[PDB]
Structure formats: C-alpha cells, structure tokens
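Visitor: After the structure tokens below, expect a handful of questions from me.
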Amino acid sequence: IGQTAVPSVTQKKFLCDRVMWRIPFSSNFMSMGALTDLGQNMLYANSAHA
Amino acid sequence: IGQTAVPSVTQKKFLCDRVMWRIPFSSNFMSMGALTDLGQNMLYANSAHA
Amino acid sequence: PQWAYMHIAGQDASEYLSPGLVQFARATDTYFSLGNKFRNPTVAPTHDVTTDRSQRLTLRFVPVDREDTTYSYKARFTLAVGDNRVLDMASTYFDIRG
Amino acid sequence: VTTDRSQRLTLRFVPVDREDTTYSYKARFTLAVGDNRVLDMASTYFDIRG
Amino acid sequence: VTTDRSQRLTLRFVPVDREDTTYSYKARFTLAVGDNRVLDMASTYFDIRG
Amino acid sequence: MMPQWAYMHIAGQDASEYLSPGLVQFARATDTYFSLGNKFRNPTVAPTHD
Amino acid sequence: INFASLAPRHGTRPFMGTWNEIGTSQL
Amino acid sequence: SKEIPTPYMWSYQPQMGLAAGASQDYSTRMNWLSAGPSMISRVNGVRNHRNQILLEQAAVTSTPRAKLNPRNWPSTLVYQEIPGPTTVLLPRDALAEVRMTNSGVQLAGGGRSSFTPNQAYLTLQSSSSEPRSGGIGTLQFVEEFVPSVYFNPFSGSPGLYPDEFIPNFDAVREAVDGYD
Amino acid sequence: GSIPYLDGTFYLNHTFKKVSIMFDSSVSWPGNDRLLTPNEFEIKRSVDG
Amino acid sequence: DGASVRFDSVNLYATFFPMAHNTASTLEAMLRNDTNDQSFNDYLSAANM
C-alpha cells in the first residue's frame, strides 16, 4: 500500500466446509423429483453399463 | 497348560481339500431329480433373466 | 412391481392405504400423527421437459465491436437465441476482466 | 443419417493388461462398442510405439 | 381418546440378559407392548448410568 | 452335404435373397457412404448338367 | 444433503377429531 | 431360418414391473452342423413344433393388446390382492366405563366385562382405497410375455417393425436416448 | 477429535480440482456439449485464459 | 492419556399415548391389514464407498 507499494501478484481460493459436492443424475441438474428422469429413462432396460 | 499356563486366544478354521463347493438350483437345495424343479418353473425360462 | 411395493413410484399413502385409516389419520394429525410412517413417491417428469439433442447450457459471446474512450467503454454483442430455445434475460451478465 | 448428440469419431484404448516377454509382447483391450453405435472392424488397428 | 382403565404413561424395562466384554456391552429387553396400546418407537430411549 | 453348404452360404441363395428385405433396402440406400456389402457371402456354383 | 417424503393430510371442525363413520354391527 | 425362426425371449424389469426388451433364444440351440438331412429334418420338426406351442400359448394366456410392452397397465388388467373385510370385537363398553369410573370405582386390567352385557364389533375394509395401476408383477409377467415367434422378420415396412424388442426404445415417443 | 465420516464435520472440499465421469469406458457422461468444458466437471482453476 | 468409561446400568424407557382401548384396538386392526404396511427410507440414502 502507499506510494512505495511493492510489485505484487494475486492469489485466489475458496473454502466450503460442512458441504458435500453433489452431481444429480438428472437430464438437467435441477431437482424435479426424488426418482430422477435419467434414473427411469433407458438406463433401465438391461443396460448393465460400466 | 499346568499351574503356569499363559493367557490365550482361540483360533478356529476348517479344511475341505478335494471338494468343489455346490449350490443346487432347486427350491429347497435337494436332488429330487437331475432336471430340477426351478429349471422347469417357467419363470426362470422363456421370459429370460440377467 | 418392487418400485410400487416399496413406494419408489406409484400411489400416494392417501391412495394405497385403506380408507378407514386415512380418515383415522386425518382425525388425529393433531394429537397423534401417523403422517411420517408411510412413503409417498415423488417422480421426475420424463417427457416434454428436457431435450436430448446436443446443446450448451451456457454461452460466452465476445464483443463484435468495442470502443475505448477516455471516460467510458462500449461493447457490442450479437446475442443469438437459436430456434427451440428461450432466454430468461435474468440469466445473463457481463463478465469484465481488467 | 447423422446423430445430433455429442459423440466421438475416434476412440483410443490403452491395455487393461499386458505381458512383455523374451520374444513376444501381449496386450488386452476392453473394446467397448458403446450404445446406439456400430463399429466396422476394418477401422481398427494397433498404434505401436517403441 | 383417553382410557380410564388404570395404566402407565411410561414403562422402564431392565436387561433380561447382558454381556460385558472388553470393547462392547449388550443388553436384551423383552419390550412387551400389551393389548390396547401402540408404541411409536420414537418415544423409546436407552437410559445409561456409569 | 447340402444343409451345411446352404447354412454357410457355400451353395443355395444370393445374399440379397436370404437376408431380410429391410436390411437389403437399408444397405441399398446407404451404400455410397455406409456399406454393408462385404459382410455376407453369395454362393457361386458351376453347372453339373450339360 | 439428501431426501425423504412424509405423507400428511388434514381436516377438523373447531372442536377436535373423534374419528369418523362407525361401520359397527353392534351386539 | 425365416420360416422356422428362433423365438424372441422377453427380458424382465423387476424394478418397474415391465418387459425390459427382447432378443432371441441364443442359449438353447441344438448343434446340428455334424448331422445330415435324415436328422436335420427331425431337429427342424422339433423347432417347428416348439413355435406352434408358443403361438397357441400366447393366444391362451396373453391379454390381447395393441402394443407389446405397454408402459402402463390399467387397473382392470393388473391382478389385485383384494382380501375380505376385517372385523374386530371392541374390548370395552366405553360409555359404561365412564359411567362406572365417574361413580368412584377403579377399573384395572382386562376381553371381559362383568358389569355390562354390551359388546360391539365393527367391520372395516382392508382393501387399497384406490385400485392399483402401472407395472405388472412377476407372476403376471410370465402370464403375459410368452416368447415371440417372428416369421419373415424385418420384411414389412419400417415403423411397424417390432421396435419394442429394442431394449432402450422410448415407446412414449418412438425414439432412443443415449446416456443423457 | 471430530470424525467427519460420522459427525458431518467435512472440511477438505476445496481440495478437488475436477471430476470426469464416463459410462461404458467410452461415453463422457454429461455429454451433449452441456458444460463450458463439456467433457468434465472442472471444479476449480489455476490458469483461466 | 488414560480415559475410560464404565456402564453401571442400561435401562430401556418407553412412553405411550394412554389411548382409549376400543380406539387403540381399532388402530391396530387397521395397521395389521397388509395394505397399511409402514415404510421408511434412510435419510442419506446412498452406498458409502
């Protein structure tokens, strides 16, 4: 700071404590029901996907 | 053993060498015939299971 | 059947319970609630909501033109809403770096 | 004639297992033909580097 | 709504059997809901002293 | 010997006959950009007679 | 960060609920 | 081949209670390639005879319908567990219990009641207040979904091919989705 | 001390850089050009051209 | 660092609504019918890998 402030770089981060990261299995990431649409849209019929 | 015997942990195991384990596809696990009851039980038949 | 039997999809408790119990539960929610002991399904809508054509959720545009005067800065964008899409303008913002 | 979904033209598979030996090299791949596709095997080859 | 047969609001049970190992403790209760009562299991708790 | 030959397409029918006419009309429509042509055998058979 | 659904419904006079229709065959 | 076809086996979805798509009985085939016409005729005679039984059985057992694999079964086609009403004998003459106890007697234990002749029983219905509809259960799935004999397969017009043999076919839209 | 697996005291979520998700060893799951880097969930960045 | 704990008694407590015997009998009759089976799901419904 001031008229003798040294040359500088900026450092960026966040913290997010008690959370868990989420990724909904939904054709868009909104919650529209507990039984998501991908959870009932042709990952049902045999499917068996790795 | 004797008056000076040391406190001890008990280990239990089994061996079953020449055998090959089996699970009959029969409703009560018995050899009622070579063609089992469940193999005729036309659910686990024509309308095919994974 | 097992999603219907386990109440993962299908009827609500007010549909699958016997009618005698539903009137009992209603008559006593004050003062002895049964209304946390039966599962109701909830089910997402599978048709007419989301597309399965390939399509971006977010677009970034760059200024088709810009002006950089002594006291202000201009940028022009061709905001192109394609066919079969709609833009709630509340979702837009200008991202400035400097 | 052409799909309107995100989908690759060329897939590269690294070996799931390999056995380099005195005079031979052996490799295993899980050739996963994904759903709603067909693969002509004439478009398959081993990209060897050494 | 409320009975006028003489009847407890709260019952205390005692371990019918118990086990008291190095690392854990067991208790067994005969939880006996009589006729003409119902138990919301949310009203139960184990009261521990030590 | 003919059943084996008629099953392996060594004798019997041209592939435009034994394939289902859906697949013939498919292959026929796409052959300029996706060809199913080299994936079925025809017999060709010399005359025994005169 | 996870989900459940609870199934209540309601209806009373400014009084309190006794239960409803009795399907009784009596004696 | 085209005229003694292998039947299409119906796979099952126990979650939803519906067919899961279909594909041929690849798992039950007699290997005749080292027999001759004298016995291949007998093997074809067995494979023909099987398909006759499947056609007869489908007509006897299946519910006749406009679609194989419909996504939702009406409440009149679904089998329902509809037990009789359940009766209970009520354990107290409640109006006489308030009478007696207001008189300063104490009542404890218990049915019986020495001081009153009154009993009542009531007969509630046990049944689901609305009939069920939606998926079929496994003992009905086997009563439906007899294997499909399909002669001259893929010979008609596309768009009335058996599209619902295809596992990931969305019969509410006549379409097919990937993984999103 | 507190046991994050049991008592919900999570605290290292900032340490994730990205996740990718892929069905049948081949199909990048969200797919469909959804995300600005479509192939993966790039949770955070170190360089951002 | 020397901590310890010693359980001298565990006892199980249960509280009841003192419900009318005909009403509690009726409620039991209804809750023993197969269509009136109760059901629950773990609030965090997941496989904890």
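Labeling convention for the structure tokens: chains A, B, ... as they appear, residues from 1 per chain, ligands from 1 in order of appearance.
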Residues within 8 Å of stretch 40-49 of chain J, please, as a PyMOL selection string. Count only C-alpha atoms; anything in the same chain fewer than 5 positions from it doesn't count.
Guide: (chain C and resi 37-39) or (chain G and resi 1-4)
Visitor: Excluding same-chain residues fewer than 6 positions from residue C:94, what lies within 12 Å of it counting only C-alpha atoms, as a VMD selection string?
Guide: chain C and resid 59 to 63 74 to 77 79
Visitor: Let's have the selection written as a short mmCIF file (atom, residue, chain, number, x, y, z; two decimals), in the first residue's frame, with C-alpha atoms.
Guide:
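Once written, again.cif looks like this:
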data_model
loop_
_atom_site.label_atom_id
_atom_site.label_comp_id
_atom_site.auth_asym_id
_atom_site.auth_seq_id
_atom_site.Cartn_x
_atom_site.Cartn_y
_atom_site.Cartn_z
CA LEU C 59 -22.84 -19.50 -23.93
CA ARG C 60 -19.99 -16.97 -23.80
CA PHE C 61 -20.02 -14.26 -26.54
CA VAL C 62 -17.18 -11.84 -27.45
CA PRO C 63 -17.64 -8.17 -28.49
CA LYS C 74 -18.53 0.15 -25.14
CA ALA C 75 -19.00 -3.44 -26.22
CA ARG C 76 -21.48 -4.81 -28.80
CA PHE C 77 -22.60 -8.45 -28.70
CA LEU C 79 -26.85 -12.24 -28.57
#
Visitor: How would chain E read as a PDB file with N, CA and C atoms, in the first residue's frame once least-squares superposed on chain D using all paired C-alpha atoms?
Guide:
ATOM      1  N   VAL E   1     -29.400 -39.917 -40.698  1.00  0.00           N
ATOM      2  CA  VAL E   1     -28.028 -40.285 -41.065  1.00  0.00           C
ATOM      3  C   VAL E   1     -27.030 -40.025 -39.954  1.00  0.00           C
ATOM      4  N   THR E   2     -26.851 -38.783 -39.505  1.00  0.00           N
ATOM      5  CA  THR E   2     -25.826 -38.426 -38.502  1.00  0.00           C
ATOM      6  C   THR E   2     -26.444 -37.991 -37.185  1.00  0.00           C
ATOM      7  N   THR E   3     -25.909 -38.445 -36.058  1.00  0.00           N
ATOM      8  CA  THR E   3     -26.374 -38.009 -34.740  1.00  0.00           C
ATOM      9  C   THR E   3     -25.927 -36.601 -34.366  1.00  0.00           C
ATOM     10  N   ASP E   4     -26.667 -35.961 -33.478  1.00  0.00           N
ATOM     11  CA  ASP E   4     -26.363 -34.666 -32.877  1.00  0.00           C
ATOM     12  C   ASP E   4     -26.350 -34.721 -31.344  1.00  0.00           C
ATOM     13  N   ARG E   5     -26.342 -35.927 -30.759  1.00  0.00           N
ATOM     14  CA  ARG E   5     -25.792 -36.158 -29.416  1.00  0.00           C
ATOM     15  C   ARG E   5     -24.279 -36.006 -29.504  1.00  0.00           C
ATOM     16  N   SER E   6     -23.632 -35.377 -28.537  1.00  0.00           N
ATOM     17  CA  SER E   6     -22.170 -35.234 -28.538  1.00  0.00           C
ATOM     18  C   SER E   6     -21.469 -36.601 -28.510  1.00  0.00           C
ATOM     19  N   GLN E   7     -20.608 -36.907 -29.482  1.00  0.00           N
ATOM     20  CA  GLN E   7     -20.078 -38.259 -29.696  1.00  0.00           C
ATOM     21  C   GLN E   7     -18.826 -38.253 -30.569  1.00  0.00           C
ATOM     22  N   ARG E   8     -17.777 -38.944 -30.114  1.00  0.00           N
ATOM     23  CA  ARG E   8     -16.491 -39.117 -30.804  1.00  0.00           C
ATOM     24  C   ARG E   8     -16.601 -39.822 -32.148  1.00  0.00           C
ATOM     25  N   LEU E   9     -15.792 -39.395 -33.121  1.00  0.00           N
ATOM     26  CA  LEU E   9     -15.538 -40.161 -34.344  1.00  0.00           C
ATOM     27  C   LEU E   9     -14.477 -41.249 -34.143  1.00  0.00           C
ATOM     28  N   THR E  10     -13.534 -41.064 -33.218  1.00  0.00           N
ATOM     29  CA  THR E  10     -12.406 -41.986 -33.004  1.00  0.00           C
ATOM     30  C   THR E  10     -12.193 -42.264 -31.527  1.00  0.00           C
ATOM     31  N   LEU E  11     -12.045 -43.521 -31.120  1.00  0.00           N
ATOM     32  CA  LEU E  11     -11.705 -43.899 -29.752  1.00  0.00           C
ATOM     33  C   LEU E  11     -10.346 -44.571 -29.670  1.00  0.00           C
ATOM     34  N   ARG E  12      -9.552 -44.178 -28.684  1.00  0.00           N
ATOM     35  CA  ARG E  12      -8.270 -44.770 -28.306  1.00  0.00           C
ATOM     36  C   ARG E  12      -8.483 -45.596 -27.054  1.00  0.00           C
ATOM     37  N   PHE E  13      -8.138 -46.875 -27.078  1.00  0.00           N
ATOM     38  CA  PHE E  13      -8.092 -47.693 -25.877  1.00  0.00           C
ATOM     39  C   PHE E  13      -6.648 -47.979 -25.482  1.00  0.00           C
ATOM     40  N   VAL E  14      -6.434 -48.276 -24.207  1.00  0.00           N
ATOM     41  CA  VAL E  14      -5.126 -48.596 -23.620  1.00  0.00           C
ATOM     42  C   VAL E  14      -5.130 -50.019 -23.050  1.00  0.00           C
ATOM     43  N   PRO E  15      -4.006 -50.741 -23.002  1.00  0.00           N
ATOM     44  CA  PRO E  15      -4.013 -52.092 -22.489  1.00  0.00           C
ATOM     45  C   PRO E  15      -4.509 -52.138 -21.038  1.00  0.00           C
ATOM     46  N   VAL E  16      -5.619 -52.834 -20.818  1.00  0.00           N
ATOM     47  CA  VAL E  16      -6.179 -53.190 -19.507  1.00  0.00           C
ATOM     48  C   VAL E  16      -5.272 -54.191 -18.802  1.00  0.00           C
ATOM     49  N   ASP E  17      -4.507 -54.954 -19.570  1.00  0.00           N
ATOM     50  CA  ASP E  17      -3.459 -55.852 -19.104  1.00  0.00           C
ATOM     51  C   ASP E  17      -2.414 -56.005 -20.211  1.00  0.00           C
ATOM     52  N   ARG E  18      -1.175 -56.359 -19.882  1.00  0.00           N
ATOM     53  CA  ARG E  18      -0.101 -56.586 -20.855  1.00  0.00           C
ATOM     54  C   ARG E  18       0.917 -57.591 -20.345  1.00  0.00           C
ATOM     55  N   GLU E  19       1.636 -58.227 -21.251  1.00  0.00           N
ATOM     56  CA  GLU E  19       2.666 -59.212 -20.934  1.00  0.00           C
ATOM     57  C   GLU E  19       3.858 -58.973 -21.844  1.00  0.00           C
ATOM     58  N   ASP E  20       5.081 -59.069 -21.343  1.00  0.00           N
ATOM     59  CA  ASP E  20       6.234 -58.441 -21.989  1.00  0.00           C
ATOM     60  C   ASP E  20       7.441 -59.382 -22.040  1.00  0.00           C
ATOM     61  N   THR E  21       7.219 -60.605 -22.523  1.00  0.00           N
ATOM     62  CA  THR E  21       8.198 -61.709 -22.502  1.00  0.00           C
ATOM     63  C   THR E  21       9.434 -61.483 -23.382  1.00  0.00           C
ATOM     64  N   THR E  22      10.380 -62.422 -23.344  1.00  0.00           N
ATOM     65  CA  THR E  22      11.625 -62.399 -24.130  1.00  0.00           C
ATOM     66  C   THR E  22      11.389 -62.315 -25.632  1.00  0.00           C
ATOM     67  N   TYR E  23      10.352 -62.994 -26.134  1.00  0.00           N
ATOM     68  CA  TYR E  23      10.106 -63.197 -27.565  1.00  0.00           C
ATOM     69  C   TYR E  23       8.809 -62.595 -28.101  1.00  0.00           C
ATOM     70  N   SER E  24       7.851 -62.247 -27.250  1.00  0.00           N
ATOM     71  CA  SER E  24       6.571 -61.684 -27.675  1.00  0.00           C
ATOM     72  C   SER E  24       5.952 -60.759 -26.644  1.00  0.00           C
ATOM     73  N   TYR E  25       5.032 -59.910 -27.080  1.00  0.00           N
ATOM     74  CA  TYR E  25       4.348 -58.903 -26.276  1.00  0.00           C
ATOM     75  C   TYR E  25       2.831 -59.046 -26.401  1.00  0.00           C
ATOM     76  N   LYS E  26       2.065 -58.995 -25.313  1.00  0.00           N
ATOM     77  CA  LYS E  26       0.590 -59.039 -25.326  1.00  0.00           C
ATOM     78  C   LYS E  26       0.014 -57.725 -24.870  1.00  0.00           C
ATOM     79  N   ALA E  27      -1.167 -57.408 -25.355  1.00  0.00           N
ATOM     80  CA  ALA E  27      -1.995 -56.355 -24.818  1.00  0.00           C
ATOM     81  C   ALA E  27      -3.428 -56.855 -24.788  1.00  0.00           C
ATOM     82  N   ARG E  28      -4.201 -56.485 -23.773  1.00  0.00           N
ATOM     83  CA  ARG E  28      -5.636 -56.746 -23.719  1.00  0.00           C
ATOM     84  C   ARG E  28      -6.380 -55.445 -23.656  1.00  0.00           C
ATOM     85  N   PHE E  29      -7.353 -55.259 -24.522  1.00  0.00           N
ATOM     86  CA  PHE E  29      -8.199 -54.082 -24.553  1.00  0.00           C
ATOM     87  C   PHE E  29      -9.629 -54.504 -24.243  1.00  0.00           C
ATOM     88  N   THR E  30     -10.378 -53.718 -23.471  1.00  0.00           N
ATOM     89  CA  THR E  30     -11.839 -53.847 -23.450  1.00  0.00           C
ATOM     90  C   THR E  30     -12.399 -52.943 -24.526  1.00  0.00           C
ATOM     91  N   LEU E  31     -12.576 -53.488 -25.724  1.00  0.00           N
ATOM     92  CA  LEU E  31     -13.219 -52.822 -26.842  1.00  0.00           C
ATOM     93  C   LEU E  31     -14.713 -52.716 -26.543  1.00  0.00           C
ATOM     94  N   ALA E  32     -15.163 -51.538 -26.124  1.00  0.00           N
ATOM     95  CA  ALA E  32     -16.526 -51.303 -25.684  1.00  0.00           C
ATOM     96  C   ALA E  32     -17.285 -50.486 -26.722  1.00  0.00           C
ATOM     97  N   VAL E  33     -18.046 -51.155 -27.574  1.00  0.00           N
ATOM     98  CA  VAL E  33     -18.969 -50.504 -28.500  1.00  0.00           C
ATOM     99  C   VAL E  33     -20.219 -50.156 -27.709  1.00  0.00           C
ATOM    100  N   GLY E  34     -20.483 -48.876 -27.476  1.00  0.00           N
ATOM    101  CA  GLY E  34     -21.673 -48.458 -26.737  1.00  0.00           C
ATOM    102  C   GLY E  34     -22.966 -48.762 -27.485  1.00  0.00           C
ATOM    103  N   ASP E  35     -24.113 -48.528 -26.861  1.00  0.00           N
ATOM    104  CA  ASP E  35     -25.399 -48.569 -27.561  1.00  0.00           C
ATOM    105  C   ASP E  35     -25.414 -47.579 -28.718  1.00  0.00           C
ATOM    106  N   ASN E  36     -26.258 -47.804 -29.720  1.00  0.00           N
ATOM    107  CA  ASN E  36     -26.450 -46.851 -30.805  1.00  0.00           C
ATOM    108  C   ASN E  36     -25.153 -46.511 -31.565  1.00  0.00           C
ATOM    109  N   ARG E  37     -24.219 -47.455 -31.630  1.00  0.00           N
ATOM    110  CA  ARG E  37     -23.025 -47.426 -32.477  1.00  0.00           C
ATOM    111  C   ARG E  37     -22.862 -48.794 -33.110  1.00  0.00           C
ATOM    112  N   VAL E  38     -22.078 -48.873 -34.159  1.00  0.00           N
ATOM    113  CA  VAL E  38     -21.621 -50.131 -34.727  1.00  0.00           C
ATOM    114  C   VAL E  38     -20.199 -49.925 -35.191  1.00  0.00           C
ATOM    115  N   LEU E  39     -19.387 -50.961 -35.108  1.00  0.00           N
ATOM    116  CA  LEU E  39     -17.995 -50.886 -35.482  1.00  0.00           C
ATOM    117  C   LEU E  39     -17.763 -51.789 -36.674  1.00  0.00           C
ATOM    118  N   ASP E  40     -17.395 -51.231 -37.816  1.00  0.00           N
ATOM    119  CA  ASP E  40     -16.774 -52.048 -38.840  1.00  0.00           C
ATOM    120  C   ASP E  40     -15.335 -52.289 -38.412  1.00  0.00           C
ATOM    121  N   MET E  41     -15.000 -53.508 -38.014  1.00  0.00           N
ATOM    122  CA  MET E  41     -13.680 -53.875 -37.514  1.00  0.00           C
ATOM    123  C   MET E  41     -12.526 -53.517 -38.452  1.00  0.00           C
ATOM    124  N   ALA E  42     -12.786 -53.320 -39.742  1.00  0.00           N
ATOM    125  CA  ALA E  42     -11.815 -52.785 -40.684  1.00  0.00           C
ATOM    126  C   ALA E  42     -11.316 -51.381 -40.329  1.00  0.00           C
ATOM    127  N   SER E  43     -12.046 -50.608 -39.524  1.00  0.00           N
ATOM    128  CA  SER E  43     -11.628 -49.274 -39.072  1.00  0.00           C
ATOM    129  C   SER E  43     -10.670 -49.276 -37.881  1.00  0.00           C
ATOM    130  N   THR E  44     -10.461 -50.418 -37.232  1.00  0.00           N
ATOM    131  CA  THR E  44      -9.521 -50.567 -36.126  1.00  0.00           C
ATOM    132  C   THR E  44      -8.079 -50.703 -36.606  1.00  0.00           C
ATOM    133  N   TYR E  45      -7.116 -50.311 -35.779  1.00  0.00           N
ATOM    134  CA  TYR E  45      -5.714 -50.708 -35.917  1.00  0.00           C
ATOM    135  C   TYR E  45      -5.008 -50.614 -34.566  1.00  0.00           C
ATOM    136  N   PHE E  46      -3.881 -51.312 -34.399  1.00  0.00           N
ATOM    137  CA  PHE E  46      -3.055 -51.130 -33.208  1.00  0.00           C
ATOM    138  C   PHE E  46      -1.957 -50.136 -33.545  1.00  0.00           C
ATOM    139  N   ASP E  47      -1.851 -49.068 -32.783  1.00  0.00           N
ATOM    140  CA  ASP E  47      -0.839 -48.041 -32.906  1.00  0.00           C
ATOM    141  C   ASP E  47       0.301 -48.343 -31.933  1.00  0.00           C
ATOM    142  N   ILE E  48       1.452 -48.720 -32.482  1.00  0.00           N
ATOM    143  CA  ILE E  48       2.640 -49.151 -31.752  1.00  0.00           C
ATOM    144  C   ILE E  48       3.673 -48.034 -31.802  1.00  0.00           C
ATOM    145  N   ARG E  49       4.277 -47.703 -30.667  1.00  0.00           N
ATOM    146  CA  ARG E  49       5.434 -46.816 -30.554  1.00  0.00           C
ATOM    147  C   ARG E  49       6.558 -47.553 -29.864  1.00  0.00           C
ATOM    148  N   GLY E  50       7.793 -47.261 -30.217  1.00  0.00           N
ATOM    149  CA  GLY E  50       8.951 -47.931 -29.642  1.00  0.00           C
ATOM    150  C   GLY E  50      10.280 -47.442 -30.199  1.00  0.00           C
TER     151      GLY E  50
END
Visitor: In Å, how much C-alpha RMSD is there between chain B and chain A after the fit, with all atoms paired in order?
Guide: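 Chain A versus chain B: RMSD of 1.2 Å.
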Visitor: Could you work out how far atom CA of residue H:135 lies from atom CA of residue H:18, giving the answer in Å with one decimal?
Guide: 5.8 Å
Visitor: Counting only C-alpha atoms, which residue out of H:9, H:4, H:59, H:88 sits closest to residue B:43?
Guide: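 Result for the nearest residue to residue B:43: H:9.
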Visitor: List the neighbours of stretch 51-57 of chain C out to 10 Å using only C-alpha atoms; skip same-chain residues closer than 4 positions along the sequence, and give me the result as a count of residues only.
Guide: 22
Visitor: Residues of chain B no more than 7 Å from chain H, counting only C-alpha atoms: send them over as a list in words.
Guide: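 On the chain B side, the interface is residues 43, 46, 47, 48 and 49 of chain B.
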Visitor: Residues of the last selection are to be written out with N, CA, C and O atoms, as a CSV table (one decimal), in the first residue's frame.
Guide:
chain,number,residue,atom,x,y,z
B,43,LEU,N,-41.0,-69.4,-15.2
B,43,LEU,CA,-40.5,-68.1,-14.9
B,43,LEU,C,-39.0,-68.1,-15.2
B,43,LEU,O,-38.6,-67.3,-16.1
B,46,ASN,N,-38.5,-69.0,-20.4
B,46,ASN,CA,-38.9,-68.4,-21.7
B,46,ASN,C,-38.8,-66.9,-21.6
B,46,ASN,O,-38.3,-66.2,-22.5
B,47,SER,N,-39.1,-66.3,-20.5
B,47,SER,CA,-39.1,-64.8,-20.3
B,47,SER,C,-37.8,-64.5,-19.5
B,47,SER,O,-37.8,-64.2,-18.3
B,48,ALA,N,-36.7,-64.6,-20.2
B,48,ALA,CA,-35.3,-64.5,-19.8
B,48,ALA,C,-34.6,-63.4,-18.9
B,48,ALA,O,-34.4,-62.3,-19.3
B,49,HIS,N,-34.1,-63.9,-17.8
B,49,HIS,CA,-33.3,-63.3,-16.7
B,49,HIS,C,-31.8,-63.0,-16.9
B,49,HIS,O,-31.1,-63.8,-17.5
Visitor: Within stretch 24-62 of chain C, find each residue whose DSSP state, derived from the backbone, is helix (DSSP H, G or I), and express the selection as JSON, numbers by chain.
Guide: {"C": [24, 25, 26, 27]}
Visitor: Pull out every residue of chain C that has at least one atom within 7 Å of chain G, counting only C-alpha atoms, and report them as a ChimeraX atom specification.
Guide: /C:13,23-24,26-29,35-36,38-40
Visitor: Give me, as a list in words, all polymer residues having an atom no more than 12 Å from stretch 36-38 of chain F, counting only C-alpha atoms and skipping those fewer than 5 positions away in the same chain.
Guide: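 These residues fall inside the cut-off: residues 38, 39, 40 and 42 of chain D; 15, 16, 19, 23, 24, 25, 26, 27, 28, 29, 30 and 31 of chain F.
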Visitor: Do a neighbour search on residue I:4 at 12 Å with only C-alpha atoms, toss out local chain neighbours closer than 6 positions, and write the hits as number ranges by chain.
Guide: A: 17-20; I: 10-13
Visitor: Print the selection's residues with N, CA, C and O atoms to a file, as a short mmCIF file (atom, residue, chain, number, x, y, z; two decimals), in the first residue's frame.
Guide:
data_model
loop_
_atom_site.label_atom_id
_atom_site.label_comp_id
_atom_site.auth_asym_id
_atom_site.auth_seq_id
_atom_site.Cartn_x
_atom_site.Cartn_y
_atom_site.Cartn_z
N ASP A 17 -16.95 -25.70 3.90
CA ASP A 17 -16.68 -26.71 4.92
C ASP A 17 -17.75 -27.79 4.98
O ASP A 17 -17.60 -28.81 4.32
N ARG A 18 -18.83 -27.65 5.75
CA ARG A 18 -19.71 -28.79 6.08
C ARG A 18 -20.45 -29.42 4.90
O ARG A 18 -21.24 -30.35 5.08
N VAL A 19 -20.29 -28.89 3.70
CA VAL A 19 -20.93 -29.33 2.47
C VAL A 19 -20.42 -30.70 2.01
O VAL A 19 -19.35 -31.15 2.41
N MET A 20 -21.14 -31.35 1.11
CA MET A 20 -20.57 -32.31 0.18
C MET A 20 -20.82 -31.83 -1.23
O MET A 20 -21.87 -31.27 -1.52
N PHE I 10 -17.28 -32.12 7.70
CA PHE I 10 -16.43 -32.05 6.50
C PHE I 10 -15.68 -30.72 6.38
O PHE I 10 -16.17 -29.70 6.83
N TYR I 11 -14.48 -30.72 5.78
CA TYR I 11 -13.64 -29.51 5.70
C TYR I 11 -12.60 -29.45 4.58
O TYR I 11 -11.90 -28.45 4.48
N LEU I 12 -12.46 -30.47 3.73
CA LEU I 12 -11.45 -30.52 2.66
C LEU I 12 -12.03 -30.38 1.24
O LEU I 12 -11.36 -30.69 0.26
N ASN I 13 -13.28 -29.94 1.09
CA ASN I 13 -13.93 -29.87 -0.22
C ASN I 13 -13.22 -28.94 -1.20
O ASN I 13 -13.25 -29.17 -2.40
#
Visitor: Only residues of chain A matter here; which ones have an atom within 6 Å of chain C, counting only C-alpha atoms? Give them as a list in words.
Guide: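 On the chain A side, the interface is residues 32, 33, 34, 35, 36 and 37 of chain A.
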Visitor: Quick one: residues within 10 Å of residue F:44, only C-alpha atoms, excluding same-chain residues fewer than 6 positions away - as a PDB file with N, CA, C and O atoms, in the first residue's frame?
Guide:
ATOM      1  N   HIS F   9     -23.586 -70.547 -46.690  1.00  0.00           N
ATOM      2  CA  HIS F   9     -23.690 -69.828 -47.965  1.00  0.00           C
ATOM      3  C   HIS F   9     -22.642 -70.226 -48.995  1.00  0.00           C
ATOM      4  O   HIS F   9     -22.236 -69.422 -49.827  1.00  0.00           O
ATOM      5  N   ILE F  10     -22.213 -71.484 -48.957  1.00  0.00           N
ATOM      6  CA  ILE F  10     -21.356 -72.108 -49.964  1.00  0.00           C
ATOM      7  C   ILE F  10     -22.190 -72.494 -51.197  1.00  0.00           C
ATOM      8  O   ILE F  10     -21.724 -72.389 -52.324  1.00  0.00           O
ATOM      9  N   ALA F  11     -23.449 -72.874 -50.991  1.00  0.00           N
ATOM     10  CA  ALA F  11     -24.451 -73.177 -52.011  1.00  0.00           C
ATOM     11  C   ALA F  11     -25.806 -72.616 -51.570  1.00  0.00           C
ATOM     12  O   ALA F  11     -25.929 -72.131 -50.457  1.00  0.00           O
ATOM     13  N   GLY F  12     -26.834 -72.643 -52.408  1.00  0.00           N
ATOM     14  CA  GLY F  12     -28.138 -72.073 -52.078  1.00  0.00           C
ATOM     15  C   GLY F  12     -28.298 -70.661 -52.622  1.00  0.00           C
ATOM     16  O   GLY F  12     -28.232 -70.466 -53.832  1.00  0.00           O
ATOM     17  N   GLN F  13     -28.531 -69.681 -51.757  1.00  0.00           N
ATOM     18  CA  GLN F  13     -29.037 -68.372 -52.154  1.00  0.00           C
ATOM     19  C   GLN F  13     -28.043 -67.213 -52.085  1.00  0.00           C
ATOM     20  O   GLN F  13     -27.277 -67.064 -51.143  1.00  0.00           O
ATOM     21  N   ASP F  14     -28.129 -66.328 -53.068  1.00  0.00           N
ATOM     22  CA  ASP F  14     -27.547 -64.992 -53.061  1.00  0.00           C
ATOM     23  C   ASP F  14     -27.991 -64.198 -51.815  1.00  0.00           C
ATOM     24  O   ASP F  14     -29.132 -64.303 -51.371  1.00  0.00           O
TER      25      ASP F  14
END
Visitor: What is the distance, in Å and to one decimal place, between atom CA of residue C:5 and atom CA of residue H:86?
Guide: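 Result for atom CA of residue C:5 versus atom CA of residue H:86: 21.7 Å, one decimal.
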Visitor: For stretch 100-102 of chain H, list every protein, DNA or RNA residue within 12 Å, evaluated using only C-alpha atoms, and leave out those in the same chain fewer than 3 positions away; present the list as an NGL selection string.
Guide: (:E and (3-6)) or (:H and (93-97 or 105-108 or 113-116))
Visitor: Would you save the residues from that selection as a compact mmCIF listing (two decimals), in the first residue's frame, using C-alpha atoms?
Guide:
# COMPACT_ATOMS: atom_id res chain seq x y z
CA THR E 3 -58.53 -44.60 28.65
CA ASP E 4 -59.77 -44.72 32.27
CA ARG E 5 -58.50 -48.24 32.99
CA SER E 6 -55.52 -47.74 35.35
CA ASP H 93 -68.26 -50.74 26.58
CA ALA H 94 -66.75 -47.22 26.63
CA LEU H 95 -69.94 -45.34 27.65
CA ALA H 96 -70.40 -47.67 30.69
CA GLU H 97 -66.69 -47.32 31.59
CA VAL H 105 -64.87 -47.40 41.28
CA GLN H 106 -61.45 -48.17 39.81
CA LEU H 107 -61.17 -50.46 36.78
CA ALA H 108 -57.85 -52.15 36.05
CA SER H 113 -66.78 -57.00 31.45
CA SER H 114 -68.75 -58.21 34.49
CA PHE H 115 -70.88 -55.06 34.93
CA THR H 116 -72.21 -54.68 31.32
